[PDB]
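Protein sequence lines, in the order shown, are assigned to chains A, C, B and D. Numbering-wise (the deposited numbering), the first sequence opens with residue 16 and increments by one. Numbering-wise (the deposited numbering), the second sequence opens with residue 16 and increments by one. Numbering-wise (the deposited numbering), the third sequence opens with residue 16 and increments by one. Numbering-wise (the deposited numbering), the fourth sequence opens with residue 16 and increments by one. Where a beta carbon is used, it is the ideal one built from N, C-alpha and C, also for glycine.
There are 4 protein chains.
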Amino acid sequence: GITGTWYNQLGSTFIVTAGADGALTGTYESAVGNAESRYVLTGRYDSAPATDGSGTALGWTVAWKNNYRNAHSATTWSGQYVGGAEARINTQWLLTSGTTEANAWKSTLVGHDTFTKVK
Amino acid sequence: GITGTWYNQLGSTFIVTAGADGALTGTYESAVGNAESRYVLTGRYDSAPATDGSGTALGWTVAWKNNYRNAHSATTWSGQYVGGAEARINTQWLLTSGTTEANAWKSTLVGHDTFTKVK
Amino acid sequence: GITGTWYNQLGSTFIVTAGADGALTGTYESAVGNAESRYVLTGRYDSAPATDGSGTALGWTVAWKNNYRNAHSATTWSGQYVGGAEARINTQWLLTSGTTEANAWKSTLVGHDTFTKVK
Amino acid sequence: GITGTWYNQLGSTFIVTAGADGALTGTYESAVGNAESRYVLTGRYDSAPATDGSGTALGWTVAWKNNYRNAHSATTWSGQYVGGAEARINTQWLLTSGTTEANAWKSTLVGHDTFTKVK
């Protein structure tokens, strides 16, 4: 049930497709990265998660480059998909903007974003 | 110069291939996640980084599962590739193990790993 | 308005006192660290935040040692206090358990905890 | 052996005093936060760490405000002190700048800083 279209609390939509081998592909839009543009996402997840009831570990990388804009930065999400009546993707993300060696200390951000299927 | 075989300070080898579209593919081995096994990695990077001299924003996801072992966890690296006389990949990473809703607060780890081409 | 008693979404209570010099003192309880025990907290904040409307940069650390239990770990919170009709403390935290040099890669956790005044 | 004057890889000096109760006090200087200014630090650590050989859990908060400069920011270090022939403090830090609700996603930074006693 991981495949689908997901939305975060800031409105950023997360269209994702899961493969049987554990692949993860999709797109990203809506502000937080860049205002209105498509960004290609790719990551991985485990195809055989625990059967006792537990979040499905997954993650994906989105580098903000496309045919229009390029912020020289990538946010790489890492969380687990919690199934149930309402599907949830609670993730922690690290936006790493490409900086010089002097500014490399302030290059990487960190945060959290929770994704739901309804919006 | 981003494509190649990379090693972290703990000995974990990071074989990576970069595509012209910004794709990032490879494998991960050597202990830190699991002792001796191949793990598929996929991520992204910007194909047109800044020309003034700056790290190339990149990232990759590795869900720790293969044909042999499955730790129900995904380790997700996010950093920038710094070129020069010696190539360097300074990254922050978030290993998110799949846990229950009760243990979801202790699911995600954070760290750093720097990758060089020589070992 | 930063001083008070705060609660996170997991029920952990955050009693805090702010000083005019920017000091931050209080206690921490309720499960997430240890089941039922008082833990001393100390941190800092800026006593002259921006007047245009912005979160107040604050942070604190709690090391789980007391007269009863000792987990050899510290979670060190860093966030900003957002004032308004409902007071909010949105924080990111890093639980660093004391490990050996071999396990030092898995020592530090990361997460988020939001604190409100009502519970 | 935790009390002393510590230096990170980027020249930032970390003068710290530890108390028997587990307290932690000191100052911070040298660029990364602000170019040349004193910044008050206070934190905590466990006074009874493991005796089998392991890092001593510690943390501290520094809010960049003083009598001269105020960046409305706090970097809140969380790491363990590793003793031995050379004393080491390997820490992860989260710099949270006080931002508005719109910019609150890009408020918190993440990184690492290792502190040694020699410089």
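So is C/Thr-57 buried or exposed if we call it buried at 16+ other beta carbons inside 10 Å? In summary, C/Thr-57 is buried, with 16 or more beta-carbon neighbours lying within 10 Å of its beta-carbon over all protein chains present.
Please tell me whether C/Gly-94 and A/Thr-111 are closer than 7 Å, where the distance is taken between their beta carbons. Taking 7 Å as the cut-off, the Cβ atoms of C/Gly-94 and A/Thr-111 count as close.
How big is the Cα-Cα spacing for D/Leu-73 and B/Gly-70? About 26 Å.
Contact list for C/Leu-25 against chain B, beta-carbon separation under 8 Å: The contacting residues are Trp-120.
Inter-stretch contact (C-beta, 8 Å, three-pair minimum) for the segment 73-91 of chain D and the segment 43-57 of chain D: Cβ pair count under 8 Å is three or more, so yes.
Considering only their Cβ atoms, is the gap separating A/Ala-102 from A/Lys-132 smaller than 7 Å? Yes. Within cutoff.
When we look at the beta-carbon of D/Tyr-60 and count the other beta-carbons within 10 Å, is it buried (16 or more) or exposed? Counting Cβ neighbours within 10 Å, D/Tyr-60 comes out buried, since at least 16 surround it.
Reducing DSSP to helix, strand and coil, say where D/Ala-102 ends up. In the three-state reduction of the DSSP assignment, D/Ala-102 falls in the coil class.
Would you call A/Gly-48 buried or exposed, if buried means 16 or more other Cβ atoms sit within 10 Å of its Cβ? A/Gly-48 should be labelled buried.
If contact means a Cβ-Cβ distance below 8 Å, which residues of the segment 75-101 of chain C contact chain A? The residues in question are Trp-75, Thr-76, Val-77, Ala-78, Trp-79, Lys-80, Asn-85, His-87, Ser-88, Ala-89, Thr-90, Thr-91, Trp-92, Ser-93, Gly-94, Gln-95, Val-97.
How would you write the range of the beta strand (DSSP E) that residue 8 of chain B sits in, first residue to last? For residue 8 of chain B there is no data in the structure shown, the boundaries of chain B being 16 and 134.
Of the residues D/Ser-45, D/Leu-124, D/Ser-27, D/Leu-25, the one placed nearest D/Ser-88, counting alpha carbons only: The shortest C-alpha separation from D/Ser-88 is found at D/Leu-124.
Taking the beta carbon of C/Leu-39 as the centre, do at least 16 other beta carbons fall within 10 Å, making it buried, or is it exposed? The C-beta of C/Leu-39 has 16 or more other C-beta atoms within 10 Å across all chains shown, which makes the residue buried.
Measure the C-alpha to C-alpha separation of C/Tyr-96 and C/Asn-105 and round it to an integer number of angstroms. So the two alpha carbons sit approximately 7 Å from each other.
Would C/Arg-103 pass as an interface residue toward chain A - the criterion being a Cβ-Cβ separation below 7 Å? No - not a single Cβ of chain A is within 7 Å of the one on C/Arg-103.
Of all the options C/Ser-27, C/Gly-26, C/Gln-24, C/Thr-32, which has the alpha carbon lying nearest to the alpha carbon of C/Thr-18? Cα-wise, what sits closest to C/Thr-18 is C/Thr-32.
Close beta carbons around A/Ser-122, own chain, < 8 Å, minus the five adjacent residues each side: Taking A/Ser-122 as the centre and dropping the five residues before and after it, the same chain places the C-beta of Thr-111, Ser-112, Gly-113, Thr-114 closer than 8 Å to its C-beta, in chain order.
is_contact[D/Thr-106, chain A] using C-beta, thresh 7 Å: Taking 7 Å as the threshold, the shortest C-beta distance from D/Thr-106 to chain A does not fall below it.
Indicate whether B/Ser-62 and B/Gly-99 have their beta-carbon atoms separated by less than 7 Å. No, they are not a contact pair.
Quick one: list the residues of chain A neighbouring D/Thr-123, beta-carbon separation under 8 Å, in chain order. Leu-124, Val-125, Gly-126, listed in chain order.
Would you mind working out which of B/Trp-108, B/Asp-67, B/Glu-44 sits nearest B/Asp-128, comparing C-alpha positions? Looking from the CA of B/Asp-128, the closest CA among B/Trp-108, B/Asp-67, B/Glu-44 belongs to B/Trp-108.
Which partner residues does B/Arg-59 have in the DSSP bridge list? Per DSSP, B/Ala-38, B/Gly-74.
Where D/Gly-16 meets chain B, residues with beta-carbon distance less than 8 Å: What D/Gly-16 touches in chain B: nothing, since even the nearest Cβ is about 14 Å away.
Given that D/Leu-109 touches chain A, what residues does it touch there, using C-beta distances under 9 Å? Within chain A, the residues near D/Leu-109 are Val-125.
Sequence-distant residues of its chain with Cβ nearer than 6 Å to B/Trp-75 (five each side left out): Residues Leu-39, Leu-56, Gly-58, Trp-92 of the same chain have their beta carbon placed closer than 6 Å to that of B/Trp-75, with the five preceding and five following residues left out of the count.
Give the DSSP bridge partners of C/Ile-17, in chain order. Note: C/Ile-17 sits in no beta bridge, so no partner.
Give every residue of the same chain whose Cβ lies closer than 7 Å to the Cβ of C/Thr-90, excluding the five residues on either side of it in the sequence, and list them in chain order. The answer, listed in chain order, is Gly-48, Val-77, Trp-79, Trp-108, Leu-110.
Pop quiz: C/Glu-44 and C/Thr-20 are said to be a contact at Cβ under 8 Å. What is the actual Cβ separation, rounded to whole angstroms? Under the criterion of beta carbons closer than 8 Å, C/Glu-44 and C/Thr-20 do not qualify as touching, at roughly 10 Å.
CB contact check: B/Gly-41 to chain D, cutoff 7 Å: It does not: the Cβ of B/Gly-41 has no partner Cβ on chain D nearer than 7 Å.
What number of angstroms, rounded off, separates the C-alpha of A/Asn-23 from the C-alpha of A/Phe-130? One C-alpha to the other measures close to 4 Å.
Cutoff 7 Å: D/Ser-69 Cβ touching any chain B Cβ: Chain B, which has a Cβ nearer than 7 Å to the Cβ of D/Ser-69, makes this yes.
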